[PDB]
Amino acid sequence: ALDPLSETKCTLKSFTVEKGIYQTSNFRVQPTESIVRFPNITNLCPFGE
Amino acid sequence: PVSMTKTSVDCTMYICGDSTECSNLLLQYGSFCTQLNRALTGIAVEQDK
Ligand SMILES: *[C@@H]1O[C@H](CO)[C@@H](O)[C@H](O)[C@H]1NC(C)=O
């Protein structure tokens with residue numbers, strides 16, 4: 001996890017990296033906050049009764 | 001015809017899209033997904049060739 005070159009070395013399981021372009025990991029935006037949306041609360045049951 | 005479309009697919013996001021428990025369960029299967037990605041990347045390099 002030190003640097004991209006180290007990620008490349010770990011993925012190839014090698015200490016020597018021959019010239020080229022290597023796909024090492026996957027970028028992914030993590031979700032920041034959670035959203036919950038439901039219909040308007042209506043017909044509150046008459047526990048008042 | 002000369003070339004295909006260079007399509008690559010990520011297992012972890014395909015099989016277990018943004019799921020911790022599913023990703024942990026998928027770890028037990030070994031390098032199935034590393035070799036899937038390897039096959040697809042080989043195909044794409046072949047398309048450029
Ligand atoms: C009964 O009425 C009072 C005052 O209006 C209210 O505070 C209370 O919550 C009511 N009881 C129920 C079960 O809603």
# chains A, B, ... in the order shown; residues from 1 in each chain; ligands from 1
>>> interface_residues(of="chain A", to="chain B", cutoff="12 Å", atoms="only C-alpha atoms", output="PyMOL selection string")
chain A and resi 11-12+21-31
>>> write_last_selection(atoms="N, CA, C and O atoms", output="compact mmCIF listing (two decimals), in the first residue's frame")
# COMPACT_ATOMS: atom_id res chain seq x y z
N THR A 11 0.90 -7.13 -6.93
CA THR A 11 -0.01 -7.81 -7.84
C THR A 11 0.73 -8.82 -8.70
O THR A 11 0.31 -9.97 -8.83
N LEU A 12 1.86 -8.42 -9.29
CA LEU A 12 2.64 -9.35 -10.09
C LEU A 12 3.35 -10.40 -9.24
O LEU A 12 3.89 -11.35 -9.80
N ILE A 21 2.09 -1.47 -18.90
CA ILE A 21 0.99 -0.90 -18.12
C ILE A 21 0.22 -2.04 -17.48
O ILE A 21 -0.18 -2.99 -18.17
N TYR A 22 0.03 -1.97 -16.17
CA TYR A 22 -0.54 -3.06 -15.39
C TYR A 22 -1.78 -2.57 -14.68
O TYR A 22 -1.79 -1.46 -14.14
N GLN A 23 -2.82 -3.39 -14.66
CA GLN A 23 -4.03 -3.07 -13.93
C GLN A 23 -3.93 -3.68 -12.54
O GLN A 23 -3.92 -4.90 -12.39
N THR A 24 -3.84 -2.83 -11.52
CA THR A 24 -3.56 -3.29 -10.16
C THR A 24 -4.80 -3.38 -9.29
O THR A 24 -5.11 -4.45 -8.77
N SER A 25 -5.52 -2.28 -9.12
CA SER A 25 -6.67 -2.27 -8.23
C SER A 25 -7.88 -1.69 -8.94
O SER A 25 -7.85 -1.51 -10.16
N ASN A 26 -8.95 -1.42 -8.20
CA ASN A 26 -10.16 -0.85 -8.77
C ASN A 26 -10.53 0.40 -7.99
O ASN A 26 -10.68 0.35 -6.77
N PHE A 27 -10.67 1.51 -8.70
CA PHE A 27 -11.16 2.73 -8.08
C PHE A 27 -12.65 2.59 -7.80
O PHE A 27 -13.37 1.96 -8.57
N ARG A 28 -13.11 3.17 -6.70
CA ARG A 28 -14.51 3.09 -6.34
C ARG A 28 -14.83 4.22 -5.38
O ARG A 28 -14.23 4.29 -4.30
N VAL A 29 -15.76 5.09 -5.75
CA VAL A 29 -16.18 6.15 -4.85
C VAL A 29 -17.02 5.57 -3.73
O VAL A 29 -18.01 4.87 -3.98
N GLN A 30 -16.63 5.84 -2.50
CA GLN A 30 -17.53 5.24 -1.53
C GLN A 30 -18.70 6.16 -1.25
O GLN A 30 -18.54 7.39 -1.27
N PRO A 31 -19.89 5.61 -1.01
CA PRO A 31 -21.02 6.47 -0.64
C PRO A 31 -20.73 7.23 0.64
O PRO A 31 -20.13 6.71 1.58
>>> residues_near_ligand(ligand="ligand 1", cutoff="8 Å", atoms="only C-alpha atoms and all ligand atoms", output="ChimeraX atom specification")
/A:46-49
>>> atom_distance(atom1="atom CA of residue 26 of chain B", atom2="atom CA of residue 11 of chain B")
9.3 Å
>>> residues_around(residues="residue 4 of chain B", least_positions_apart="5", cutoff="12 Å", atoms="only C-alpha atoms", output="number ranges by chain")
B: 40, 43-49
>>> atom_distance(atom1="atom CA of residue 16 of chain A", atom2="atom CA of residue 4 of chain A")
13.8 Å
>>> atom_distance(atom1="atom CA of residue 6 of chain A", atom2="atom CA of residue 23 of chain B")
23.6 Å
>>> select_by_dssp(residues="chain A", states="alpha helix (DSSP H)", output="number ranges by chain")
A: 4-12
>>> write_last_selection(atoms="N, CA, C and O atoms", output="mmCIF file, in the first residue's frame")
data_model
loop_
_atom_site.group_PDB
_atom_site.id
_atom_site.type_symbol
_atom_site.label_atom_id
_atom_site.label_comp_id
_atom_site.auth_asym_id
_atom_site.auth_seq_id
_atom_site.Cartn_x
_atom_site.Cartn_y
_atom_site.Cartn_z
ATOM 1 N N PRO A 4 1.973 3.278 -5.893
ATOM 2 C CA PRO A 4 1.528 2.477 -7.041
ATOM 3 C C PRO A 4 2.540 1.450 -7.505
ATOM 4 O O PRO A 4 2.146 0.349 -7.906
ATOM 5 N N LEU A 5 3.832 1.768 -7.475
ATOM 6 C CA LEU A 5 4.821 0.782 -7.890
ATOM 7 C C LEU A 5 4.795 -0.428 -6.974
ATOM 8 O O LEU A 5 4.949 -1.567 -7.428
ATOM 9 N N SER A 6 4.604 -0.204 -5.677
ATOM 10 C CA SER A 6 4.526 -1.324 -4.751
ATOM 11 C C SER A 6 3.251 -2.126 -4.962
ATOM 12 O O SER A 6 3.267 -3.356 -4.854
ATOM 13 N N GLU A 7 2.138 -1.457 -5.275
ATOM 14 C CA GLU A 7 0.935 -2.210 -5.617
ATOM 15 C C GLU A 7 1.172 -3.082 -6.839
ATOM 16 O O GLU A 7 0.725 -4.233 -6.890
ATOM 17 N N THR A 8 1.878 -2.546 -7.836
ATOM 18 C CA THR A 8 2.186 -3.317 -9.035
ATOM 19 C C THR A 8 3.055 -4.522 -8.705
ATOM 20 O O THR A 8 2.804 -5.636 -9.180
ATOM 21 N N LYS A 9 4.087 -4.315 -7.887
ATOM 22 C CA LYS A 9 4.954 -5.421 -7.498
ATOM 23 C C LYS A 9 4.175 -6.492 -6.750
ATOM 24 O O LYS A 9 4.377 -7.689 -6.974
ATOM 25 N N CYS A 10 3.284 -6.082 -5.847
ATOM 26 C CA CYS A 10 2.507 -7.054 -5.089
ATOM 27 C C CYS A 10 1.552 -7.822 -5.991
ATOM 28 O O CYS A 10 1.401 -9.039 -5.845
ATOM 29 N N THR A 11 0.898 -7.131 -6.925
ATOM 30 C CA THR A 11 -0.010 -7.814 -7.839
ATOM 31 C C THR A 11 0.733 -8.821 -8.705
ATOM 32 O O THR A 11 0.306 -9.974 -8.832
ATOM 33 N N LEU A 12 1.856 -8.418 -9.289
ATOM 34 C CA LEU A 12 2.638 -9.350 -10.086
ATOM 35 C C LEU A 12 3.347 -10.396 -9.240
ATOM 36 O O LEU A 12 3.888 -11.354 -9.802
#
>>> decode(residues="segment 4-33 of chain A", atoms="N, CA and C atoms", output="compact mmCIF listing (two decimals), in the first residue's frame")
# COMPACT_ATOMS: atom_id res chain seq x y z
N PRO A 4 1.97 3.28 -5.89
CA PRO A 4 1.53 2.48 -7.04
C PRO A 4 2.54 1.45 -7.51
N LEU A 5 3.83 1.77 -7.47
CA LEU A 5 4.82 0.78 -7.89
C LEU A 5 4.79 -0.43 -6.97
N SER A 6 4.60 -0.20 -5.68
CA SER A 6 4.53 -1.32 -4.75
C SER A 6 3.25 -2.13 -4.96
N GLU A 7 2.14 -1.46 -5.27
CA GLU A 7 0.93 -2.21 -5.62
C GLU A 7 1.17 -3.08 -6.84
N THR A 8 1.88 -2.55 -7.84
CA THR A 8 2.19 -3.32 -9.04
C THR A 8 3.05 -4.52 -8.71
N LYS A 9 4.09 -4.32 -7.89
CA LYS A 9 4.95 -5.42 -7.50
C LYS A 9 4.18 -6.49 -6.75
N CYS A 10 3.28 -6.08 -5.85
CA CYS A 10 2.51 -7.05 -5.09
C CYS A 10 1.55 -7.82 -5.99
N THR A 11 0.90 -7.13 -6.93
CA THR A 11 -0.01 -7.81 -7.84
C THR A 11 0.73 -8.82 -8.70
N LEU A 12 1.86 -8.42 -9.29
CA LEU A 12 2.64 -9.35 -10.09
C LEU A 12 3.35 -10.40 -9.24
N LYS A 13 3.35 -10.24 -7.92
CA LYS A 13 4.09 -11.12 -7.02
C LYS A 13 5.55 -11.19 -7.44
N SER A 14 6.11 -10.03 -7.76
CA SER A 14 7.49 -9.95 -8.21
C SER A 14 8.11 -8.68 -7.66
N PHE A 15 9.44 -8.68 -7.61
CA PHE A 15 10.20 -7.50 -7.22
C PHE A 15 10.68 -6.69 -8.41
N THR A 16 10.68 -7.28 -9.60
CA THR A 16 11.15 -6.63 -10.82
C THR A 16 9.95 -6.51 -11.75
N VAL A 17 9.69 -5.31 -12.24
CA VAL A 17 8.52 -5.03 -13.06
C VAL A 17 8.98 -4.68 -14.46
N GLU A 18 8.71 -5.56 -15.41
CA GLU A 18 9.04 -5.30 -16.80
C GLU A 18 8.18 -4.16 -17.33
N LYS A 19 8.73 -3.43 -18.30
CA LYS A 19 8.06 -2.26 -18.83
C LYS A 19 6.68 -2.61 -19.36
N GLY A 20 5.70 -1.78 -19.02
CA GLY A 20 4.35 -1.99 -19.50
C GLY A 20 3.37 -1.21 -18.65
N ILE A 21 2.09 -1.47 -18.90
CA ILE A 21 0.99 -0.90 -18.12
C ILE A 21 0.22 -2.04 -17.48
N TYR A 22 0.03 -1.97 -16.17
CA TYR A 22 -0.54 -3.06 -15.39
C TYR A 22 -1.78 -2.57 -14.68
N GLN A 23 -2.82 -3.39 -14.66
CA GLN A 23 -4.03 -3.07 -13.93
C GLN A 23 -3.93 -3.68 -12.54
N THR A 24 -3.84 -2.83 -11.52
CA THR A 24 -3.56 -3.29 -10.16
C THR A 24 -4.80 -3.38 -9.29
N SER A 25 -5.52 -2.28 -9.12
CA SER A 25 -6.67 -2.27 -8.23
C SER A 25 -7.88 -1.69 -8.94
N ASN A 26 -8.95 -1.42 -8.20
CA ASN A 26 -10.16 -0.85 -8.77
C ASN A 26 -10.53 0.40 -7.99
N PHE A 27 -10.67 1.51 -8.70
CA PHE A 27 -11.16 2.73 -8.08
C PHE A 27 -12.65 2.59 -7.80
N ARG A 28 -13.11 3.17 -6.70
CA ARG A 28 -14.51 3.09 -6.34
C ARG A 28 -14.83 4.22 -5.38
N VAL A 29 -15.76 5.09 -5.75
CA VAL A 29 -16.18 6.15 -4.85
C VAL A 29 -17.02 5.57 -3.73
N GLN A 30 -16.63 5.84 -2.50
CA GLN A 30 -17.53 5.24 -1.53
C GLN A 30 -18.70 6.16 -1.25
N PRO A 31 -19.89 5.61 -1.01
CA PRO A 31 -21.02 6.47 -0.64
C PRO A 31 -20.73 7.23 0.64
N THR A 32 -21.17 8.48 0.66
CA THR A 32 -20.90 9.35 1.79
C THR A 32 -21.99 9.30 2.85
N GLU A 33 -23.24 9.50 2.47
CA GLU A 33 -24.33 9.53 3.44
C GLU A 33 -25.44 8.62 2.95
